[PDB]
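Some notes on the structure that comes next.
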Amino acid sequence: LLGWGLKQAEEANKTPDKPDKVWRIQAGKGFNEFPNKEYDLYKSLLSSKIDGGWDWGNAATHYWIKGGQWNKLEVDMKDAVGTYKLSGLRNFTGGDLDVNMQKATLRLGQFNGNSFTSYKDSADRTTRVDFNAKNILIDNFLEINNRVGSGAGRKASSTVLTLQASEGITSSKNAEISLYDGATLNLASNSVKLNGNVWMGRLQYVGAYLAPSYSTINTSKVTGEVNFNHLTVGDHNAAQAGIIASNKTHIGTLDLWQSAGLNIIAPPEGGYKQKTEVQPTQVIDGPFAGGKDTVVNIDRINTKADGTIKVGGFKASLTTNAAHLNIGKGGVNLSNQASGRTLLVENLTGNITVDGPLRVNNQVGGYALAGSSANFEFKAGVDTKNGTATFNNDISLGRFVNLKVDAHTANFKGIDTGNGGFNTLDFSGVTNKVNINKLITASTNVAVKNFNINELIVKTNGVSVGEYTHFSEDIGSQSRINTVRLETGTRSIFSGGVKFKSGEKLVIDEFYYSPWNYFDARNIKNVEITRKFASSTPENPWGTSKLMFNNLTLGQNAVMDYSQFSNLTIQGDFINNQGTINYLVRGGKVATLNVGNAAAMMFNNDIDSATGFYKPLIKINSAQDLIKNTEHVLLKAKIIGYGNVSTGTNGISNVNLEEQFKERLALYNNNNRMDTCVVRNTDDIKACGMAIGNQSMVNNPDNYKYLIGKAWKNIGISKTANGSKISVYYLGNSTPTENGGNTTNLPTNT
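With the UniProt record's numbering as the guide, the letters of the sequence shown map in order to residues 60 to 332, 368 to 844.
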C-alpha cells in the first residue's frame, strides 16, 4: 500500500541499532601465512561467539550471536590470507555481524547454502550483516530474510546484507540468491557478475498471497560491470522489487509475474553525492532523471502467468530512470491466462529501443480470445516528454492483442495485424510523429494524430463483415502516406475496408484499387494524389471499389486509371493540376466522373518532346470498340472552372479557356492519337494513317505537305467543354484535307 519508493526511503536512513555486548574477535597469528589453505570460517573462527539452537514454533534450526539476538559481533582480520567458507549457516537470526577480511577470499557456499533472517520483536530490528572480502564467490544459494521454519512462532522483520569485495562478486550456475519481503542486498565491489537465479520477491509464508513483498539490490557502488544473468521478480503475489543501479546494467532473462513491478533506478547526472525529541531528518526522493550515459540492456522479458481470473488484468511493469532502455534480441514474451495480461515497459526520463519480436505465449503470432486482451504498452519519456520509442524489428500482432505506445516520436519498421484482427493499435499518447515503414491491417483501431506511413497494405477479413481498418481520431494536416496498396477482397461484398473520421489533408503519393475493399475517406478535405493511381488488377478489373470521398485534389503528373469498376464518388472541389487522367472503355462505354459539387481545373503549357504537342491532359485509351455516333458521358459536373496559370495559351492572350480543353484532350489508339495528329516529320505519318485508318498517309509521306511544323484535328470527333457537362461525341474518323481547314501549328514552348 505504501509503494516501494517510501519503504526504501525509510530503510535507507536508519541508525543501525543499539546493541549491548558488542563482542569483538580478532584473528591473530596463524591465519596470515598460508595463502592457499582453504579454512572454514564458522567452525574455525566464528563458532566461539555464535551459538545455534532450536526455536519452538517454526521449528527447523536457530542461530544468534550470544545471549539473545540483540548482540553485535564484529570480527577484525584485516590481514588473514587464505580462502574462507561459510557452508551451512542456515536461519541465522543473529544481529549485526561484521567480518572484515581484506586480502582474503570468501565463499558463501560449499555443499550447503546460507540464510540471514531476523525476528519481529517489539523493537523492529534489522540484522545488518556485513562482509568485506576481496573476492566473494557465492557458489551456492543464499536466502536473505527467509522464513525460519513454518509460519508460527515469531515472524520475520527486515534485514540488510552488505557484500563489499574489491575484485568481484561472481556466482555459480546453481546459486539462487533469493531475497524476500524485507530484505535488501548492497553490493560494493567492481564487476559483479551473478550467473545465477536472482529471485527478488518470493512467498515468505506458505499462503500469504496478499503480501506487499518489497526488496532492493542496491548495486550503486559497483565501479565496474554489473551483469545479472537471470533475474526473476515476484512469485504468486504483487511484488514490487527495485534496483538502484550504477548507470550500466546488463541483465539477461527477466521473468516478471502477472502483477510484479521493477524499478531500475539509474544515478543522476553528477552521480550520487516530559521532553520533546527531535527525530532525525528523513530525506526522501521522488522519481528523478537519470544521467546521460545511463544504460539498461535487458535482453529478454518473459512473464509467468497462471492462477485466478480477475475483472481486469494484472499489469506487470518495469519502470526505469535510464536515458536508454535498450531491449535485446529476445524481445518480449507475454503469457496470457483467461483475463487479459498486460505489460508496461515504462521509461520516465529516457528512450526505448526494442530490437526483438513481441511474442505472446512464446510465438510471434500469439492468438488470444476475446476476454484475454494481451495488452502491450510502452511509455518512452513520460516526465520529460521528448523520448522516442524506436523499434528496429518487424513486429507482428495476432488476435485480440493491443499495442499502445505513448512517446514523443514512435519510429517503427513494420506492423503485421492482418493475421488475427481486433488490434487496438493505439498511438494517442504520441506527441507528433509515428514513422511507420510498412503497415498490414485487417480489423484495426489505429488512432494517430500525425504520421508518415510510406507503405500501406490493407487486407480484408475473409467473409465476415463489420470489421475494418479505422483511423478513429483526427488525422490533422501534416499526415502523409507514400504508398497505399489495397488487395483484392472477396466475392460480391465489401468485407474489409478503410475509413477515417477526421482530418483535413493527407498527401497520398500512390494508390491502388482493389475489388470489394472500400477506401472511405470521411470528413477530410484535401485527399491528394501525386503520382500513379492504378488498380490491383490492371489487366482485368471487376467488381467495385467504394472510394466514398468528400473531396480530393490531384497534383502534377498523377496518372489515373479511371474505369467503370470503381465508383469514385466525389462530394468536393476536385482540383486537377498539371496531371494526366487516363481512361479505358471496357466495351465502348465511357465511365463518367460523378462530381458532387465542383471540379475546377488549372494547367500550364505542358509541352513535351514526345509528340511536340502538349502532354495529353486527358487520355482515352483502347477506343477501337468505341461506338460511333453515340454520346459518351466523360464526366458529370456542376461547375467546370477551366483555367491555366496564365490567361492565354502560348504566352499571353485573351482566348477563352474552354476551346483548348478540346485541344489537350486525347483519344489514344494504336500507340497514337485518333483525336489529333501533331506532326513534325514524315515518319509519324505512317502511324498517323494507321491510327486514322487511311492509306493516304501510309504509303505516301509527301501526300500532305501542310504539316511541316503544323498539326491537324480529326473532324467528326466532338467534345463539350461548357460549365456543367463534358462529353465525347465520336461520330467520324474523317480524312483531313490539305489546305482547307482544321489545321493548327506547333505549341513550341520548350
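Heads up, the beta-carbon is just placed ideally off N, CA and C, and yes, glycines get one too.
Among the residues of its own chain, which have a CB less than 8 Å from the CB of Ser-107, if the five just before and after it don't count? Taking the first residue of the sequence shown as position 1, residue 107 is located at position 48. Answer for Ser-107: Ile-84, listed in chain order.
Work out the CA separation of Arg-579 and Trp-636 for me, nearest whole Å. Taking the first residue of the sequence shown as 1, we reach residue 636 at position 542. Taking the first residue of the sequence shown as 1, we reach residue 579 at position 485. Spanning the two alpha carbons is a distance of roughly 17 Å.
On the three-state DSSP scale, how would you describe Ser-740? Residue mapping note: residue 740 aligns to position 646 of the sequence shown, counting from 1. Reduced to three states, the DSSP call for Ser-740 is coil.
What residue range is occupied by the uninterrupted alpha helix (DSSP H) comprising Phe-755? Looking up residue 755 in the sequence shown gives position 661. Taken as a continuous stretch (DSSP letters only), the alpha helix (DSSP H) holding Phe-755 covers 755-758.
Per-residue DSSP class, three states only, for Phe-697: The residue labelled residue 697 in the question sits at position 603 within the sequence shown. It is a strand residue.
Identity of the residues DSSP links to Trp-636 by a beta bridge: In the sequence shown, residue 636 corresponds to position 542, counting from 1. Answer is none; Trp-636 lacks a bridge partner.
Tell me which residues share the same chain as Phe-93 and place their Cβ nearer than 8 Å to its Cβ, disregarding the 5 neighbours each side in the sequence. Taking the sequence shown and counting its residues from 1, one reaches residue 93 at position 34. Closer than 8 Å at Cβ, skipping near neighbours: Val-140 and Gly-141.
Let me know if residue 351 comes out buried or exposed under the rule of 16 or more other beta-carbons within 10 Å of its beta-carbon. Because the chain is numbered from 332 directly to 368, the model contains no atoms for residue 351.
If I follow the unbroken alpha helix (DSSP H) through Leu-65, where does it start and stop? Walking along the sequence shown from the start, residue 65 turns up at place 6. That run of the alpha helix (DSSP H) goes 63-70.
For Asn-670, write down the residues that DSSP places opposite it in a beta bridge. Your numbering for residue 670 matches position 576 in the sequence shown. Answer by DSSP bridge pairing, in chain order: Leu-648 and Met-695.
In three-state terms, what does DSSP make of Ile-602? Here residue 602 refers to the residue found at position 508 when the sequence shown is read from its first residue. It is a strand residue.
Suppose you measure from the CA of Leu-196 to the CA of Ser-230; what does that come to, to the nearest Å? Stepping through the sequence shown from its first residue, residue 196 is reached at position 137. Stepping through the sequence shown from its first residue, residue 230 is reached at position 171. In a straight line, the C-alpha of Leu-196 is about 5 Å away from that of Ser-230.
In this structure, does DSSP put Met-160 in helix, strand or coil? Taking the sequence shown and counting its residues from 1, the one referred to as residue 160 is at position 101. In the three-state DSSP reduction, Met-160 falls in the coil class, being neither helix nor strand.
Which listed residue (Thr-674, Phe-659, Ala-693 and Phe-470) has its alpha carbon closest to that of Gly-666: Taking the sequence shown and counting its residues from 1, the one referred to as residue 666 is at position 572. Answer by Cα proximity: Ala-693.
Just reading off the alpha helix (DSSP H) that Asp-314 is part of, what are its end residues? Locating residue 314 in the sequence shown gives position 255, counting from the first residue. First-last for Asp-314: 312-315, but that is the beta strand (DSSP E), not the alpha helix (DSSP H).
To the nearest angstrom, report how far apart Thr-397 and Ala-468 are at their CA atoms. As a first step, residue 397 is located in the sequence shown; it is residue number 303 there, counting from the start. As a first step, residue 468 is located in the sequence shown; it is residue number 374 there, counting from the start. Straight across, the Cα-Cα distance linking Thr-397 with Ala-468 is about 12 Å.
Buried or exposed: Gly-168, going by 16 or more other Cβ atoms within 10 Å of its Cβ? By one-based count along the sequence shown, residue 168 stands at place 109. Using a 10 angstroms sphere on the CB of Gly-168, the tally of other CB atoms reaches 16 or more, which defines it as buried.
How big is the Cα-Cα spacing for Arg-435 and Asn-441? Counting from one through the sequence shown, the residue named residue 435 turns up at place 341. Counting from one through the sequence shown, the residue named residue 441 turns up at place 347. Roughly 20 Å between the two C-alpha positions.
For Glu-752, name the three-state secondary structure that DSSP assigns. In the sequence shown, the residue the question calls residue 752 occupies position 658. It is helical.
Whole angstroms are fine: how far does the CA of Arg-493 sit from the CA of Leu-463? Position 369 of the sequence shown, counted from the start, is the residue given in the question as residue 463. Position 399 of the sequence shown, counted from the start, is the residue given in the question as residue 493. Taking the straight line joining both Cα atoms gives about 7 Å.
Which residue wins for smallest C-alpha separation from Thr-631, given the options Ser-657, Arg-616 and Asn-620? Taking the sequence shown and counting its residues from 1, the one referred to as residue 631 is at position 537. Nearest to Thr-631 by C-alpha distance, out of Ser-657, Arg-616 and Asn-620, is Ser-657.
Would a C-beta distance cut-off of 7 Å place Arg-453 and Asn-480 closer than the cut-off? By one-based count along the sequence shown, residue 453 stands at place 359. By one-based count along the sequence shown, residue 480 stands at place 386. No, these two residues do not count as a Cβ contact at 7 Å.
Taking 7 Å as the threshold (C-beta atoms), are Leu-728 and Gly-682 in contact? Locating residue 682 in the sequence shown gives position 588, counting from the first residue. Locating residue 728 in the sequence shown gives position 634, counting from the first residue. Taking 7 Å as the Cβ cut-off, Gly-682 and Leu-728 do not qualify as a contacting pair.
Would you kindly work out how many angstroms separate the C-alpha atoms of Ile-509 and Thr-308, rounded to a whole number? As a working note, residue 509 is residue 415 in the sequence shown. As a working note, residue 308 is residue 249 in the sequence shown. Their backbone Cα atoms lie some 30 Å apart in a straight line.
For the region 180-223, which segments carrying the beta strand (DSSP E) assignment without a break, of at least 3 residues, lie completely within its bounds, in sequence order? 188-190, 201-203 and 220-222
Let's test the definition: count the other Cβ atoms within 10 Å of the Cβ of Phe-545 and tell me whether it reaches 16, buried, or not, exposed. Your numbering for residue 545 matches position 451 in the sequence shown. Result: buried.
Is the Cβ-Cβ distance between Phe-516 and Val-542 less than 7 Å? Walking along the sequence shown from the start, residue 516 turns up at place 422. Walking along the sequence shown from the start, residue 542 turns up at place 448. Cβ atoms of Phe-516 and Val-542: not closer than 7 Å.
Can you tell me whether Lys-102 is buried or exposed, with buried defined as 16 or more other CB within 10 angstroms of its CB? Along the sequence shown, one-based indexing puts residue 102 at 43. Exposed, by the Cβ-count rule.
Nearest residue (CA-CA) to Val-601, options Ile-547, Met-642 and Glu-561: One-based indexing of the sequence shown puts residue 601 at position 507. Checked all of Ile-547, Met-642 and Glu-561; the closest Cα to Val-601 is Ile-547.
Measuring straight from C-alpha to C-alpha, what distance separates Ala-68 and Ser-305? In the sequence shown, residue 68 corresponds to position 9, counting from 1. In the sequence shown, residue 305 corresponds to position 246, counting from 1. Taking the straight line from one Cα to the other gives about 18 Å.
Quick test of the definition: if touching needs 3 or more C-beta pairs under 8 Å, does the region 558-571 touch the region 584-600? Taking 8 Å as the limit for Cβ pairs, the verdict is that the region 584-600 does touch the region 558-571.
Please report the Cβ distance between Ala-119 and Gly-208, rounded to the nearest whole angstrom; I am assuming they are in contact, meaning their Cβ atoms lie under 8 Å. For this step, residue 119 is matched to residue 60 along the sequence shown. For this step, residue 208 is matched to residue 149 along the sequence shown. Contact between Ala-119 and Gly-208 holds, since their C-beta atoms are separated by about 4 Å, short of 8 Å.
Measuring straight from C-alpha to C-alpha, what distance separates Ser-537 and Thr-388? Counting from 1 along the sequence shown, the entry for residue 537 is found at position 443. Counting from 1 along the sequence shown, the entry for residue 388 is found at position 294. Approximately 40 Å, taken between the alpha carbons.
Please list the terminal residues of the continuous beta strand (DSSP E) segment that includes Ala-483. Indexing the sequence shown from 1 puts residue 483 at position 389. Where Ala-483 is concerned, the enclosing beta strand (DSSP E) stretches over 483-485.
Proximal residues to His-726 (C-beta, below 8 Å), its chain only, five neighbours per side dropped: The residue labelled residue 726 in the question sits at position 632 within the sequence shown. Hits under 8 Å: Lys-683, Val-684, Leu-720, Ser-821, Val-822, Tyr-823 and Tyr-824.
Rounded C-alpha distance that separates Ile-236 from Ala-297: Within the sequence shown, the letter at position 177 stands for residue 236. Within the sequence shown, the letter at position 238 stands for residue 297. C-alpha separation (whole angstroms): 19 Å.
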